[PDB]
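Undergrad: got the complex split up, this is the first portion:
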Amino acid sequence: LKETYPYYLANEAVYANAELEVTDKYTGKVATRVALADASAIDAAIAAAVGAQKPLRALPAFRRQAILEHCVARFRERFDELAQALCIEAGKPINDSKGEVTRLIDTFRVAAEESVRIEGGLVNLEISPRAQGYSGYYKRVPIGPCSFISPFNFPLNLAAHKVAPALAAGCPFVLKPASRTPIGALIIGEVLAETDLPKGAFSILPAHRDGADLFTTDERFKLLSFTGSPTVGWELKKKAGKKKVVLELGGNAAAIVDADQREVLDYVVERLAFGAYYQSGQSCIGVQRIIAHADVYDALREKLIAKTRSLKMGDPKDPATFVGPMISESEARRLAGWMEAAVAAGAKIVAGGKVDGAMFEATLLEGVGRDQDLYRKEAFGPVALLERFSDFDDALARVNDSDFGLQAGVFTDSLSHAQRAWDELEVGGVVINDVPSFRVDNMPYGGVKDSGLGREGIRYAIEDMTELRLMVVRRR
Amino acid sequence: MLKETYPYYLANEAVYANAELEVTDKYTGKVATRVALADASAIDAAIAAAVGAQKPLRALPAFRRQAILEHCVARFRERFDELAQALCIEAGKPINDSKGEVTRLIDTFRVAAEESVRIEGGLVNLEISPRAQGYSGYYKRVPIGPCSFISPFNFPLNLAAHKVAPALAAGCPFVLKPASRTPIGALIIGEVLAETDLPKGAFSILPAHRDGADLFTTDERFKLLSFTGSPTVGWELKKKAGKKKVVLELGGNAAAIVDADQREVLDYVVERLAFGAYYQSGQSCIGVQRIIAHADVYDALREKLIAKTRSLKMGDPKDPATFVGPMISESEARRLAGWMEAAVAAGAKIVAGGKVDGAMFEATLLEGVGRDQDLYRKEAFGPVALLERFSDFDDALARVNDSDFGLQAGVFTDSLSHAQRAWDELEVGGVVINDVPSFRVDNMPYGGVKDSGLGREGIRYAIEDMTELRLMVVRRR
């Protein structure tokens, strides 16, 4: 890592200060220092984004594509640097960190392809005699300056899912990364600064939530796009004013294991362990609830206990580590408190369960009451809950027994069960024969209920960052 | 003649709960009918019924929803004169234009009947990288949930239709609050819907005054608020909406450019300008408020427009000869008259019309209105238009955009390049070429940017906001 990082104000690196300390989430020592933006800098960034609307809009589509393709090439060259920085600032196991840099590249690559493909349309207006001679044409224009707020757990790829569409769509933006994990955003900033984007087209400004009011309230932003916790996101919607609001939040995702799965339980168990425990459960679609049919429950339980106990916890820089530290000791203590309450109420820890500082073991529980915080709130840690069902409709009801609705998974070979799950699960996406934790970066992605408002995935984010501009032409 | 009293509709059924809401004839000023006024207990009951109707409504196949919409079309056609006359009374809308809106009401439900059997689904290729080998993606649209609908006084039928008909096509239960000044049209829509086999709770139509309507914005069981009305109200309701999606269809001060090449078609242009500026006495969210005309045609356009404006017949909207009926109230005529007087005091000149008697506001044309005047920058929503002159097309575009609003604009031109530039640079929802900004057909994407709205109506586009994508990812190994 560099000794200091700047922030990016109107496309240019500014070593304004070194007030924001970023710690190695495993050793707790300060790893680097970056410049912290104050309100005057955020205001300057917004002013410059307003000024860049017209130059940015004049860029032809192939120039936007070229800019995105430059990012792709440089992320490829700097692949291991990006992964190592992610490993340090997020505590993310090095193999998962490489997974994320691969996705970062995927996301920018899809955006490069979509930048020359933005949907326009023709509409037939001659639907009645009054409208004889009229024809309709629409194209998508930038919504205007965008305010982007990203979280700690995928500090490259979840920032990418706003930055890359904005570049494809021609919106200037100001991005506030997570203060705990700002480095990846600032490496994206350095790469973007090398392109011929108009000055003001982007700023990337670290700022604590307590100094971030302008990202929500400033009327010069036309879009607020927030990825993070449900409690924060719904509060920001209340204060956004006139701008459009897109929310990517979290949930307590469930995976159903159907009665017909005996012969493939080793496959199911492997995916369940990945979904529940990769990057230590700190995924908005991490597996938290496992709803297993009575016919397979016993063999699944035995296999899942074994697999869970086998996952190495420790130094995320070690390729053998599967379970790194949680983002902070305080977050481990929150989850450990929910776990202890669940246990005192009758639940049993059947694998794992030890917590030391931010080091939370991969843990499996049985008998968690559905009214427990551990069941109903977002665990965001390496805990999974196993329950048993015999009626498939009851399994669906259990998945839906939640404030949230991001993604769900169903392991089944029953056509009608897959159909019924698609129809009845009140989630953004249903995954068949994999865990809810699966995402590919072109697919529409987001939540309903308390889990979000809108869809990301390149094409869908561009939709929200643009406005239809209709032309009606009358011929006489 | 109207019925002596109208019910409201609670969970698909007529309830003559009371007769508290008096509806006046906007021309005679006398009470024309009385209708049932919903209290908060009735609105709460309607919301609970809508929640309960979600699953039965979702269970209806598309062809059943189409049959429900087609029944509405047939009954609206059947009751065409009844609807137009009620509209004429409760809105003071000239009878020919009332008949025009009933025709649009039919069109809107007809488009929705067609769209109900072709709601968009999709396939997604997910095999974009080795990690995703063997995955395929399918998505369909599901109802967003119970919808809260608020409609205004000026197009009570068609602007309610642009929410109700999409909701029927999409399978969303809804609760509609019509404007208290003009609730009869919506209650006739309710009577027609009550004839269909929609599940109970699929719809409620509840008159309520704004000060009793808090739940339409704040109740957490609604998943969408779709509001059509004044910008001042709409942006305030967005602040209080909570978690729900918000769609806003508001107003503006729409402009029309007349280009330098228009000499040979000026009679056509003037006719459309007068229609746009003075149709239903300017009470249109895309009424022509500002006319920006090139110096080359300005003198001939001015003479023709003054003559046309002075020819428009004002009076009893029940008279088919009437083009300018009453404004919705004397207080609204007084509002606009005050801006007009302030503009004249600052140097503007009335060149046609200008006389106001109660709610009877003449079709009025001004020159010399300063760009900083309330008459220029605020939504007139009355039979007043402002004429100004330009010579540089970019100046004309800048003048169109010199506004808080951005709903629609119009450009009369035969220059390909000027049309291209207008489409590119006018910050509006829609640009109309060779007709006024006041044109709308009910299938087109329709809405505003800047302070004029958030989102699009028109059947397909409304369905899109009333539904959520539900993705299915399937892994084969």
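TA: In hand now; what should we look at? Residues are numbered from 1 along each chain as shown, chains lettered A, B, ... in the order given.
Undergrad: What sits closest to residue A:346 if chain neighbours are left out?
TA: What sits nearest to residue A:346 in space, not counting adjacent residues and going by CB to CB, 6 or more residues apart in numbering or on different chains, is residue A:367, at 5.6 Å. (Each C-beta comes from the backbone N, C-alpha and C, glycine too.)
Undergrad: Confirm for me that that neighbour is in contact with residue A:350.
TA: No - under the contact definition of CB atoms under 8 Å, residue A:367 does not touch residue A:350, with a separation of 9.1 Å.
Undergrad: The most centrally placed residue in chain A in helix, strand or coil?
TA: Per CA atoms, centre = their mean, the C-alpha nearest to the average position across chain A is that of residue A:158, at 4.6 Å. Secondary structure, DSSP: H, G, I helix; E, B strand; the rest coil: residue A:158 is helix.
Undergrad: So it is in contact with residue A:150, correct?
TA: Yes - contact criterion CB under 8 Å: residue A:158 and residue A:150 qualify, at 5.1 Å.
Undergrad: list the residues that contact both of these two?
TA: residue A:227 (CB atoms under 8 Å, 6 or more residues apart in numbering or on different chains).
Undergrad: Going along the chain, name the helices of the stretch 101-250 of chain A.
TA: A:157-169, A:183-193, A:213-217, A:230-239 (DSSP state H, counting those that start in this stretch).
Undergrad: Mind putting these into TSV with distance to chain B?
TA: Shown next, in TSV, are the helices of the stretch 101-250 of chain A (distance: least, CB to the nearest CB, whole Å):
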stretch	distance to chain B
helix A:157-169	13
helix A:183-193	20
helix A:213-217	11
helix A:230-239	6
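Undergrad: onto the same structure, chain C please:
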Amino acid sequence: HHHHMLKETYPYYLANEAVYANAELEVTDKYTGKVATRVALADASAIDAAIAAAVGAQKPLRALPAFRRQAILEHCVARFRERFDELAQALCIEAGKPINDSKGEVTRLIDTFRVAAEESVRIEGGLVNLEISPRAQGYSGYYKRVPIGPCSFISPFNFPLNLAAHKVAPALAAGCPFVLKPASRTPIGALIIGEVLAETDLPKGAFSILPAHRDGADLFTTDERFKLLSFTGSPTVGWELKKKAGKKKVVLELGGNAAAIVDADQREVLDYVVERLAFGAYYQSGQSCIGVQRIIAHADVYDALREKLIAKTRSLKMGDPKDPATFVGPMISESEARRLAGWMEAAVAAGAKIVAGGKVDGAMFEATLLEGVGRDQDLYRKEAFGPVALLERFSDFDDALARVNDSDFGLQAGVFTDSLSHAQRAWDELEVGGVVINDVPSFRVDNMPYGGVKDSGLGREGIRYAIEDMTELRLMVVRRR
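TA: Just below you will find chain C, in place on the chains above:
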């Protein structure tokens, strides 16, 4: 409501108007053999005149706005509903089609025109971003669909209303003038449609409907003024017509020997499966281009399915198609029944066994079920087009898929299964136009893409897809500097 009688003579339609040119074409009641009516037979001079009028109608027809074409289509819908019984009874007589299934086809006629009425106001155009490289900076693309030109339509005897409708109704939606030649054995329905179409304000020359025997129909294939030949009929004829079509686009809707797979997991729903198999195999005496000809049933359910299917097949009433109790009416002619009976006799001679039905009397062919038909037999590999189905047994699902594909044809196949992976494998591996899951391949709804691959067709019908073939893209590139 009432028993109708056919008119004594029917005209043909030349440039939208009835011409009682002659009464040379006798149309028989296919059950009684008796001549039912006579219609005007068009000669080559009349065909040429219709083609010339179609050319002349292109510009007027192009000038109709979309809502006018919708109103024309809606008029047909309204009148087909008014004349529902007239159409069903005429269909019953001229095609020998059981009256309940004739009513079913008139319902499809209505649905097909209704879908076309809806599609007529939403014909797709598009925008194209052309700024993909520095050279193309400032260019933008717009495209709309325009009529392909005059269309030649040829339709068969078995679904004479609805298969004509799948060409006529898209042509009206797309704005193509057309000349329709119906099957000489079943021209009445097409001419009733012509009468209804004559009532509309279509420009003169927008349509002609001309009965003509195949030996006098050469211009329908070869005339250079037609820009599209769309043929629905036998594979042998269709592929030959393509060879003689010349420059025009060619669309073919042909036949096949459709198969239905019954998977191992279907025991609890066998009564439903048997009902659909019997419907698919024997509806209109198997004279359907997607009739079930081959049933491929898993060993786990085979014995139970076989007993239920034999009983269901035996229960089917054969007789006068005017009798509403009749499900199996006459085949279209005695010679066609003799063709199929000979293939059946050859299959039995090589070891097959008739396990239900099998009696043939003139054109009255019993609903018949066979076991043990060899895969090399004509009865297996050629289009039966009669009330015969063949039952075979499998255990390996890949072997079942290979058996479905073991064919010159590829129109539709059906699979009864609750296995997600089997449905996916079937979708992926069956070389057919359409795979039906948990119903027979005989299912069709008139908006869906429909057609064959291999020897079963070229192109797709279903309203939206037919419109696409009857139109050309017209691109506009606009350069701004």
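Undergrad: which residues does the residue nearest to the centre of chain A contact?
TA: Residue A:158 touches A:150, A:151, A:227, A:248, counting by CB under 8 Å, 6+ apart.
Undergrad: excluding its backbone neighbours, what's nearest residue A:416?
TA: Going by CB to CB, 6+ apart, residue A:416 has residue C:418 as its nearest residue, at 5.8 Å.
Undergrad: Next, give phi and psi for the one you found.
TA: Main-chain dihedrals, residue C:418, degrees, to the nearest 10: phi -110, psi 10.
Undergrad: How is chain A partitioned into domains?
TA: Domain segmentation of chain A under curated CATH domains yields A:1-250+A:441-476, A:251-440.
Undergrad: quick one: terminal-to-terminal distance for the shortest one?
TA: Yep, that's domain A:251-440 we're talking about. 18 Å (CA to CA, to the nearest Å).
Undergrad: and residue A:76, how many neighbours?
TA: Counted by other CB atoms under 10 Å in any protein chain shown, the residues lying close to residue A:76 total 12.
Undergrad: typo on my end, it should be residue A:459
TA: For residue A:459, the neighbour count with other CB under 10 Å is 21.
Undergrad: now do residue A:312
TA: Residue A:312 - counted by other CB under 10 Å - has 13 other residues nearby.
Undergrad: That one contacts residue A:323, correct?
TA: Yes - counting by CB under 8 Å, residue A:312 touches residue A:323, with 6.9 Å between them.
Undergrad: Pipe the contacts of residue A:158 into a markdown table and attach neighbour count per row.
TA: Output for those, formatted as a markdown table (neighbours: other CB atoms under 10 Å in any protein chain shown):
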| residue | neighbour count |
| --- | --- |
| A:150 | 29 |
| A:151 | 23 |
| A:227 | 25 |
| A:248 | 27 |
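Undergrad: slot chain D in:
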Amino acid sequence: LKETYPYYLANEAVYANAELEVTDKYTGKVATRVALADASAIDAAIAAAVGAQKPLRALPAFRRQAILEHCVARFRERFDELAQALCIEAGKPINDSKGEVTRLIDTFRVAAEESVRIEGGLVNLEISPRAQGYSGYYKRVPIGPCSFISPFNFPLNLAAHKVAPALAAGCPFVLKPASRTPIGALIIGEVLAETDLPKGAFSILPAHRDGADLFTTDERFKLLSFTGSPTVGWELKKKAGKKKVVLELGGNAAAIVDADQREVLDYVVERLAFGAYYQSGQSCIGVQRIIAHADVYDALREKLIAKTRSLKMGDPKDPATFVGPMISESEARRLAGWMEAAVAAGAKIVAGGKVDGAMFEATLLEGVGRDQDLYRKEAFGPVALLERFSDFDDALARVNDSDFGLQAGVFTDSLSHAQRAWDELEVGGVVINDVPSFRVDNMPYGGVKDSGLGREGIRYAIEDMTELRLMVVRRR
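TA: This next block brings in chain D, placed alongside the chains you saw above:
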């Protein structure tokens, strides 16, 4: 150039013989020798294509994309080699040759992007009570083995418009390039041979038209896609048998100059000279007929005579050459015979007109009667005809006064004239404010009337190389 080139049989270089001599079209000397495929080799290629169907269909989309991206990267590496080979075997001026190599890269680039977004669909089938419970899904599958025939004038890019879609769609193909210009196609074959396409996925086989019968008649091909002269194309359609036929032919394209174009006449004349005389008019959308309004006719005529005379004719290896040799002396004699006939009937040569062997000057004529061969047949040489109009409907009627209908151009600033041109010109494509000679490689491209049947451009070609495969699912 290499001394000898192989052909490609089932993805492999085969030095079967050196029988096909390829000449330098300017010097006339033999430049190289290539292997000539006989009927046995064509048969083996077709058999190998049938065998490759299932392995090729098994490739996931991202693998097809990587194969196409490999081609793009290698064409960039071999850019000068491709351009010089084109300049020799086609006699194409070197700057025009580098232009075509750039297009070759564009075409493959677009195909790589489209390979991962081939359209499928959902259809709502519940349109009547009979169809309650049914749902529709469709995807596109390869049509099968494709027969490709390409012409001499754009040897690289017009072959690319068949090859690249086939790779994106998963169809095996056998390509027969033009015998006069096969080197480009064989360099493409060498690059394709480097990839992990299954053996049999592609063959590229030089063969003279007289030995090419199997490319039209073999029933194992499911598609014939031909680009070349109208006379050959319509003949091949008649012999194609059951296979689908796609035809990209030619025409006598027209450009209208409207009455309002005085202020931009230098631009108009520049584009006219480009469209009429680039690669010596040997383009299927070369400008052959110029229809100019009386109001600007005299000023355009003067500027166009001066422009045409300024164009340097000579050695195509010299970058200063704009007008290289025509493909053969006999093709020059053909065009010069039509020119002499039109002059004998009263036309006047007003610029150029000199022909020496295959060196045909950029030439402009007036007064060519509309019944002349020079007017109605495809000139395919550096000759353009100027005529005059006053009524816009007359100008439209003149454009349509042809057997052909590929593209037309209209220089106008009249909105209504542009709308009318779009509506009434019976062509595949109308170009507004550029010549009909414009093409970008993603746009739908093709002719109506005698000019073609079907559309190329990557997305549109893929549509013709695939079949819809519908799945109807009944739930009860």
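Undergrad: now with chain D: the neighbour count of residue A:459?
TA: Using other CB under 10 Å, residue A:459 has 22 other residues around it.
Undergrad: same question, residue A:30
TA: Residue A:30, neighbours per other CB under 10 Å, totals 10.
Undergrad: now residue A:54
TA: Neighbour tally, residue A:54, other CB under 10 Å: 10.
Undergrad: what's the closest residue to chain D within chain A in contact with, if anything?
TA: Here the residue of chain A nearest chain D is residue A:113; by CB to the nearest CB that distance is 4.8 Å. For residue A:113, the contacting residues are A:65, D:113, D:116, D:117, by CB under 8 Å, 6+ apart.
Undergrad: from what I can see the third one touches residue D:60, true?
TA: No - with the criterion set as CB under 8 Å, residue D:116 and residue D:60 do not qualify as a contacting pair; they are 9.3 Å apart.
Undergrad: Residue A:261 contacts residue A:293, correct?
TA: Yes - Residue A:261 lies in contact with residue A:293 (CB under 8 Å); the separation is 7.4 Å.
Undergrad: Stretch A:417-434 near chain D anywhere?
TA: Yes - judged by CB under 8 Å from any CB of the partner chain, stretch A:417-434 and chain D are in contact via residue A:419.
Undergrad: For beta bridges, what are the partners of residue A:23?
TA: residue A:30 (DSSP bridges).
Undergrad: so who does it touch?
TA: A:29, A:30, A:31, A:180.
Undergrad: quick one: which of those is most hemmed in?
TA: Most surrounded of those: other CB under 10 Å gives residue A:180, at 18 neighbours.
Undergrad: Now do the same contact list for that residue.
TA: Here residue A:180 is in contact with A:22, A:23, A:25, A:89, A:90, A:152, A:327, A:328 (CB under 8 Å, 6+ apart).
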